[PDB]
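Here is how the chains run, residue by residue.
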Amino acid sequence: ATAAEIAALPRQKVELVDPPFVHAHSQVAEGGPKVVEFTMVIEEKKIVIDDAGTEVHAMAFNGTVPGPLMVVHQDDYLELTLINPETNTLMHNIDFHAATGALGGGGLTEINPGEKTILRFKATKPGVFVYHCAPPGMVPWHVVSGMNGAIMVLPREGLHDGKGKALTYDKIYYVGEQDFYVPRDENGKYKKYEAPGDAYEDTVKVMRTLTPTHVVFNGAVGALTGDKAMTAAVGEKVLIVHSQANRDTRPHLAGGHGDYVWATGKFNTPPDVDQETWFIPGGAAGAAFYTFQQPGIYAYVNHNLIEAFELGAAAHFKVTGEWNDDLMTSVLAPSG
Amino acid sequence: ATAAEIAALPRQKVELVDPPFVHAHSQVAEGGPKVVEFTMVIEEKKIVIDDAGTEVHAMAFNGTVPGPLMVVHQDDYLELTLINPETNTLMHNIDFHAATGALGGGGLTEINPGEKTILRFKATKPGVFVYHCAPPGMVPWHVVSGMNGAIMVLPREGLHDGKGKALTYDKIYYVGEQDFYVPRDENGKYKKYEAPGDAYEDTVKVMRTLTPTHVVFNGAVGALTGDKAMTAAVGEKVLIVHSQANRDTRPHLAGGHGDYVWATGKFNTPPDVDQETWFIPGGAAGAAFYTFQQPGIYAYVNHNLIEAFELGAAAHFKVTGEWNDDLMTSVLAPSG
Amino acid sequence: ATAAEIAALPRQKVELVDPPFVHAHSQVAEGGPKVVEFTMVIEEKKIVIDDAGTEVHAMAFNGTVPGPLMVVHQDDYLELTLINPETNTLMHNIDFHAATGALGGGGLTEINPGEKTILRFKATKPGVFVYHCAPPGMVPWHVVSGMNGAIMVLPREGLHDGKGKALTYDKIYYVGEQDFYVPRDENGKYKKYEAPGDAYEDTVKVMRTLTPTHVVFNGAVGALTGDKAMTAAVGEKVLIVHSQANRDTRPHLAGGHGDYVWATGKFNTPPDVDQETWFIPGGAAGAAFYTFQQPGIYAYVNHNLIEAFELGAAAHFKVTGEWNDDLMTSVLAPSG
Ligand SMILES: O=N[O-]
Ligand SMILES: O=N[O-]
Ligand SMILES: O=N[O-]
Ligand SMILES: [Cu+2]
Ligand SMILES: [Cu+2]
Ligand SMILES: [Cu+2]
Ligand SMILES: [Cu+2]
Ligand SMILES: [Cu+2]
Ligand SMILES: [Cu+2]
C-alpha cells in the first residue's frame, strides 16, 4: 500500500482495558484494513508482589504488569502513541515482535522522560506476539521490571482449527507471566529502594543467577486468585493468551485441557490438540482454546510446581454450572 | 452415557506392574468401552537414590517412583481405588491430567492416613498423561518426593502415524524422570532425616533454587543400567513413554532416533519424525516410537548432559543382533 | 544397495570453512549418492571468551567453537577422518546425532593423542543435527568445553514448505551456541589453569549448579557483532542453522521472524511458520528461513534476555537496502 492508500483507510480508536481482561473487539474482522489506534502512558511505579510486602520498581506500559493486550486483525495497521511522562526517570521504547523492521519498532521509539512518539506498523502475520521495552544497554533490566505485554493479530476470518473449521470463543483472558529478581540482604530479607536506579547493581547480580525470586501472573502472587479469579461457565469456550518475555513457561489448566493450543502462538501453524501442559518459550506468547465441561475451581499454573506454588505462578478459574458424572464421579468418597 | 449405561458396561480388573515395565494390554481395543479397575496403595517410604547411600523420604503410589503406568483406551472409564494406609502420616490425593473435572480428581480424592477412595473418570482424550499427588498447600513437596506417574490412553484403533499408517510396537517401556532436592550439610554431604516432616523446611530451601541435586530415571541413579538396562533387538519396534511431573526434560537415544515422537504426548497431535532429541515440558508425558537397526549399547538420556551424567538422568538399552555396515562402519579403527 | 555398489560410489573430499560460514554445497543434490569426505583435527587450546580476558581450555573440532557445519544430502555417506594430535592431552571421539549405531559413532572413534580414525555413516534422515564429543565418563566436560558442532543433511530435492513449495535460500549461516562454566575464586575473579585437566574438579562444581557463567555464539561474547555481524540485503532469503549440544535456547531475530522454522531441526517434520521466537532443546539443532524485508541492524538472540545481554548470547545482522514505510514508519519521531 502507498502512503496515500494508507491515509485513506478508516481509523478506529481503541480503549485498552487492564489484564487479564481484553478490550472490545470482533473475532471476524468488520470491514477492510484499518489503522487501529492505541495510546499508552509508561508508568515507573512501586508494586508489591507478595504478602511479605516485597517491592519491585515496575516499568509499566499503561500502568500494569503485564502491559495490556492489543487486538487487531491481519493486515490492519497498529498505530501506537507511546508516552513517557516527565515524572519518570528512564528512557524507554517498544519492540513489537509482531512487527517488521527496526528492532520491532524499538529503534524508532526511544523516548526520554517528557517525550512521546507515534509508531505505525503493518500486522502482516497472524498470532499472539510479545511486545517489550528494550533500551540499548539495559534490555533485560526493563523487561524483568515488568515492561512487557502482548498483542493478538487475529486472522481476518477469525480463528480456525487444523481442518479449517471455525473456532469461536465466548471469553478471552490474557495472563502475562513475569519473572522477578529481587535483591536480599544478609538476613535473607528482600531489600527496598526509593529509586529504580538504586536497585540496578543489586538486581543485575540476582538476574545473573538465572533464578527468579518470584514468578507471578498479572504482577503479583495471588493477582489472579481469590476475588480476582477468572470466570466461566460449563459450555463456554475460552481462549487463554499467555506470554513470557524473558523465560520459559509451561501452562496447565488443572481439571481441564488445552483443546486447541497454538503453542508457538502463531495462527498459521496448526494448533496442537488435547494438551495437558503446553510450552511457551521465553520471548513468546501462546494461546489455548478450551470448552469448559465441569463446574468448580481450576488451578491454572506454570507446571514447574515449585515455580507455581513456592514462587507465585498460580491462577484460578471459578466455573459455574452442572456437574457431569459421566466425565467424573466419586464412586466412593474418602472414608475409613 | 447414563449412570445405568455405565453400570452395564463390562468391568476388567488390572494388576499393575512396576516401572519401567507395563501391565499387559492390547494396542487395539477389544470390544466396546469398559470400566477398567486399578488399585494403588500409597507408601511413604525411605529410598536410596545413589551409590553413596543418599536417602529420600519418598511418597510412592504403589510403592514405586515413578508410580506405575495405567493403560486404558479412549472412552473407557478408569476406576481407581486409592488407599492411604494408617502407617502413613500425610494426607494424599491424585490428579489425573487425563481426567476432566475437580482438579483432575484431586478435589475428590483427598484421603488421610487410614482412608481410601474410589474415583472414576472417562478417558475422553488419547495420549500419555501425567498423574500426581497435589494436596492443597503442599503440592510441589509431594510431587518432588516422587508422588507422580503416568497413564496411557490408547486410541481404540491403536496407534497410527500422522498420515493414518498403523504403528504397532513390539515392546513398551515407561521411563519416569524425577527431580530430587536433597538438603546438604556444611561439608556438602547429603543429610538424612528420621522422619519425612523433619526434612520439609530444608527441602523447600533447596527447591527454591530450582536446581535439583539429582535427576533420575526409575527412582535412582543408574536404575535402568546393568542387569536392569532396557532391551531390544535389531528390527524390534519399541515405544518409550517418558514423564516429568515438575520439570522439563529433553530425551535422546544415543545411536538412535525418535522415528515418531508424540512430543506433547497427545495422539491426535501428529507426531514429529526423525527426531534426534525431543522435549517434554514439566507437567507432561511424551512418547517416542523407534525401530532399532543396530545392535549394541545405547544411552537413553536427558540431553542436558550435566543432568544426564552428573545428576543421574541416564539409562541404557542393550540390543541384540547383527551390525549393519551400510548404516555405519569404522573404515579405519583408532590407530597411530 | 550391494557391497560393490557402495564401494563404487564416488568419493568427494570437501574443504571445511569456519563458522558462521558454511562450505560449498548445492541445495538440490548433484548426481546420485556419494561418500562425502571430511577431515578434522582436534585442537585443545586456550581461548578468551569475554571482554575481561576470561580463558577456557577449549576442546575444538577443527580448531573452532562450534566445530564446523558439514553438509551432505539424504542417503549420501559422510566419511570423517578425525585426528587427535600427539600435542593434545585427552582422549576424544565423535557422536553424530545424524548417524545410526554405536552411540552415533562415539563407540568407534575413541582416539588418544597421537591417533586418528575414519568413520563412515549413511545419512538416512534429513535435517540439521548436533555432533559432539562424548568420551565415556567425561561426556559433559568435553561438550561444555566447546567440543560440539552440527551437520545438515539436506533432502536430495532441497528444502520445501509444508505445502510442498520449494524454499531456496540465498545464503546460510551456522550459529553454534555454547554454555560455559568457568570457575571463580573467592573474590569473584575467573580462574586460569595450566592444563585442561587442572580445571576439571572446579569446573564440574560450576556445572552442577546448572548455571552457566557465559552463554555465547561462535565461541565468545560479541563474536557475531560489529565488524563480525552477519549480513544480508532486503529481499534475500537466509537460512540460520542454530545448535546447542547441552542446554535449551530460544532464538529470536529482533525486527524479523522465522518465516519457516524447523524447530526440531528435522526436514520431514513440517516447519512452524511466522515464528517470533522458536525453541531448540539442549542436544539438538534447529533451522529458520527468513526473507529480509527491511534494512538496518537486527539483534539475533537467545530470548532469555539475561542470557543474551548479561551472559553473551547476542549476535547482529547488518542488512542493506530500501526502507519499507508500508511495513513500519515513525508517524511522530520522539519529541517533547
Ligand atoms: O495443576 N497442578 O498440577
Ligand atoms: O547421548 N549423549 O549425547
Ligand atoms: O530481540 N530482543 O527482544
Ligand atoms: Cu523501559
Ligand atoms: Cu524481543
Ligand atoms: Cu501425596
Ligand atoms: Cu498437574
Ligand atoms: Cu573431546
Ligand atoms: Cu548426544
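Residues numbered from 1 in each chain as written, not as in the entry; some residues may be left out. Chains lettered and ligands numbered in written order. Heavy atoms only, no water.

- This entry, as listed in the PDB, derives from X-ray crystallography and reports a resolution of 1.70 Å.

- Under the annotation held in the PDB entry, chain A carries the name COPPER-CONTAINING NITRITE REDUCTASE and is attributed to Alcaligenes faecalis.
- For the record of chain A, the UniProt heading Subunit holds the text "Homotrimer." (UniProt positions renumbered as here; feature names shortened; annotations may be inferred.)

1. Digging into the UniProt feature "binding site: Cu cation 2" in chain A
Stage number 1. Per the UniProt entry, the sites bearing "binding site: Cu cation 2" are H97, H132 and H303 of chain A in this numbering. The greatest C-alpha distance among the annotated residues, which extend across 207 residues, is 25.3 Å, indicating that they are dispersed rather than converging on a single site.
Stage number 2. Discounting chain neighbours no more than four positions away, the residues touching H97 of chain A are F129, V130, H132 and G283 of chain A together with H252, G256, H257, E276, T277 and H303 of chain C.
Stage number 3. At 3.4 Å, the side chain of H97 of chain A and the side chain of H252 of chain C are in polar contact.
Stage number 4. Its place among the elements puts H303 of chain A in the loop between strand 20 (296-302) and helix 4 (305-309).
Stage number 5. Residues within four places of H303 of chain A in sequence aside, it is in contact with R250, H252 and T277 of chain A together with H97, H132, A245, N246, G282 and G283 of chain B. (Contact = heavy atoms within 4.5 Å. Polar contact = N/O pair within 3.5 Å; in protein donor to acceptor, adjacent residues only side chain to side chain. Helix = DSSP H or I, 4+ residues; strand = E, 2+ residues; numbered from the N terminus.)

2. Topic: the coordination of the copper ion (ligand 4)
All names here are of chain A.
Stage number 1. Here the copper ion (ligand 4) is held by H92 (ND1), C133 (SG), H142 (ND1) and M147 (SD), and the distances to it run 2.0 to 2.4 Å.
Stage number 2. Mapped onto the sequence, the donors of the copper ion (ligand 4) take the spacing H-x40-C-x8-H-x4-M.
Stage number 3. Residue classification places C133 among the buried positions, given a relative accessible area of 0%. (Donors = N, O, S within 2.8 Å, 3.2 Å for Na, K, Ca; no water. Buried < 20%, exposed > 50% of the residue type's maximum accessible area, 1.4 Å probe, protein only.)

3. Considering the pairing of strand 21 (residues 314-320) of chain B
Residue and element names in this part refer to chain B.
Stage number 1. Pairing of strand 14 (residues 230-233) with strand 21, which is carried by four bridges, proceeds in the parallel orientation. Within strand 21, the position partnered with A232 by the bridge is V319.
Stage number 2. Bridge analysis of strand 20 (residues 296-302) against strand 21 gives six bridges, and the strand direction is antiparallel. For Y298, the partnering residue across the bridge sits in strand 21 and is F317. (Pairing = 2+ DSSP bridges.)

4. Section: the relation of the copies chain A and chain C
Stage number 1. Superposing chain A onto chain C takes a rotation of 120 degrees combined with a translation of 0.0 Å along the rotation axis, leaving an RMSD of 0.3 Å. Here the two chains are linked by the operation of a three-fold rotation axis. The rotation axis passes nearest to the C-alpha of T211 of chain A in chain A, at a distance of 5.1 Å.
Stage number 2. The overlap is low: 2% of the interface residues of chain A also sit at the interface in chain C, so different surfaces are used on the two sides. (Least-squares fit on C-alpha atoms.)

5. Digging into the interface of chain B and chain A
Stage number 1. Contact with chain B, which involves 58 residues of that partner, is made by 44 residues of chain A.
Stage number 2. Between chain B and chain A, roughly 4,100 Å² of surface is buried when both sides are summed, and carbon and sulfur atoms account for 56% of that area.
Stage number 3. Together, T100, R208 and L210 of chain B form the three largest contributors to the area buried by chain B at its contact with chain A, with a combined 17%.
Stage number 4. In this structure, the connection of chain B to chain A is made through six salt bridges.
Stage number 5. A salt bridge links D274 of chain A to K125 of chain B; the shortest N-O distance between them is 2.8 Å. (Buried area = accessible area lost by both parts, 1.4 Å probe. Salt bridge = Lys/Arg side-chain N within 4 Å of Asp/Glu carboxyl O.)

6. A few points about the UniProt feature "binding site: Cu cation 1" in chain A
All names here are of chain A.
Stage number 1. Feature annotation in UniProt places "binding site: Cu cation 1" on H92, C133, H142 and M147, given in this structure's numbering. Considering the C-alpha atoms alone, the annotated residues occupy 56 residues of sequence yet fold into one spot, their largest mutual distance being 9.2 Å.
Stage number 2. We classify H92 as buried; its relative accessible area is 0%.
Stage number 3. Residue contacts for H92: discarding those within four places in its chain leaves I42, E44, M59, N84, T109, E110, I111, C133, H142 and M147.
Stage number 4. Here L90 takes part through its backbone oxygen, which lies 3.5 Å from a polar atom of the side chain of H92.
Stage number 5. One can find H142 in helix 2 (residues 139-143).
Stage number 6. Excluding its chain neighbours within four sequence positions, the residues that come into contact with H142 are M59, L90, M91, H92, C133, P135 and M147.

7. Overview of the sheet that holds strand 17 (residues 258-262) of chain B
Whenever strands of a sheet pair, they do so through backbone hydrogen bonds, lying parallel or antiparallel.
Residues and elements named next belong to chain B.
Stage number 1. Pairing in this open sheet of six strands is mixed, and the strands run 13-12-15-19-17-18 from one edge to the other. Each edge of the open sheet is held by one strand with a lone partner, namely strand 13 (214-217) and strand 18 (272-275). Direction aside, neighbouring strands of the sheet carry axes that sit 25 degrees apart on average.
Stage number 2. Bridge analysis of strand 12 (residues 171-180) against strand 13 gives four bridges, and the strand direction is antiparallel. Bridging across to strand 13, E177 finds its partner in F217. (Axes fitted to C-alpha atoms, helices over the stretch in contact; angles between N-to-C directions.)

8. Examining the relation of the copies chain B and chain A
Stage number 1. The transform that puts chain B on chain A rotates by 120 degrees and translates by 0.0 Å along the axis, for an RMSD of 0.3 Å.
Stage number 2. Little of the interface of chain B is mirrored in chain A, where only 3% of its interface residues again form contacts.

9. A word on the coordination of the copper ion (ligand 7)
Stage number 1. In the first shell of the copper ion (ligand 7), the protein supplies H303 of chain A (NE2), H97 of chain B (NE2) and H132 of chain B (NE2), at 2.0 to 2.1 Å from the metal.
Stage number 2. The coordination sphere of the copper ion (ligand 7) comprises four donor atoms, whose angles at the metal cover 83 to 173 degrees; the geometry is irregular. Taken together, the positions of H303 of chain A in the loop between strand 20 and helix 4 and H97 of chain B in the loop between strand 6 (95-96) and strand 7 (115-122) put the pair across two chains.
Stage number 3. By relative accessible area, which is 1% here, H303 of chain A ends up buried. (Tetrahedral: all angles 85-135°; square planar, octahedral: opposite > 155°, others 65-115°.)

10. Examining the packing of aromatic side chains
Stage number 1. The full count for this structure, using the stated rule, is 41 aromatic pairs over all chains.
Stage number 2. Here the aromatic rings of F217 of chain A and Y300 of chain A are separated by 6.1 Å at their centres, their planes lie at 45 degrees, and the arrangement is tilted. In this pair, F217 of chain A sits in strand 13 (residues 214-217) while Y300 of chain A sits in strand 20, placing the two residues 83 residues apart along the sequence. Considered together, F217 of chain A and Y300 of chain A belong to a single accessibility category, that of buried residues.
Stage number 3. Measuring from centroid to centroid gives 5.3 Å for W262 of chain C and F267 of chain C, while their planes differ by 85 degrees, and the two rings are edge-to-face.
Stage number 4. By relative accessible area, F267 of chain C is classed as buried at 11%.
Stage number 5. Within the aromatic cluster, the residues linked to one another by ring pairs are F21, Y173, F217, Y290, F292, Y298, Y300 and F317 of chain A.
Stage number 6. Between the NZ or CZ atom of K266 of chain A and the centre of the ring of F129 of chain A, over which it lies, the distance is 4.7 Å. (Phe/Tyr/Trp six-rings, centres within 6.5 Å; stacked < 30°, edge-to-face > 60°. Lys NZ or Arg CZ within 6 Å of the ring centre and 35° of its normal.)

11. Some points on unusual backbone geometry
Stage number 1. In this model, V65 of chain A is joined to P66 of chain A through a cis peptide bond whose omega is 0 degrees.
Stage number 2. Even without a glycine there, the phi angle at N62 of chain B is positive, about 65 degrees.
Stage number 3. Structurally, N62 of chain B is set in the loop between strand 3 (55-61) and strand 4 (70-73).
Stage number 4. Exposure remark for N62 of chain B: the relative accessible area of 25% places this residue in the partly exposed category.

12. Notes on the domain arrangement of chain A
Interfaces are frequently sized by the accessible area removed from exposure as the parts join.
All names here are of chain A.
Stage number 1. By the assigned domains, chain A splits into domain 1 (8-155) and domain 2 (156-322).
Stage number 2. Taking only C-alpha atoms, the centre of domain 1 and the centre of domain 2 are 18 Å apart.
Stage number 3. Domain 1 puts 52 residues into the contact, and the matching count from domain 2 is 49 residues.
Stage number 4. In total, about 4,000 Å² of surface goes out of reach between domain 1 and domain 2, with carbon and sulfur atoms giving 66% of it.
Stage number 5. At the boundary of domain 1 with domain 2, the tally comes to one salt bridge.
Stage number 6. Across the pair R156 and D76 runs a salt bridge, and its minimum N-O distance is 2.9 Å.
Stage number 7. On inspection of domain 1 and its partner domain 2, the count reaches 22 residue pairs in polar contact.
Stage number 8. Those elements giving two or more residues to the side of domain 1 that touches domain 2 turn out to be strand 2 (35-48), strand 3 (55-61), strand 8 (127-132), helix 2 and strand 9 (148-154).
Stage number 9. A breakdown of the residues in the side of domain 1 that touches domain 2 according to their chemical character gives 28 nonpolar, 18 polar and six charged. (Domains from an automatic or database assignment. Nonpolar A, V, L, I, M, F, W, Y, C, P; charged D, E, K, R; others polar.)

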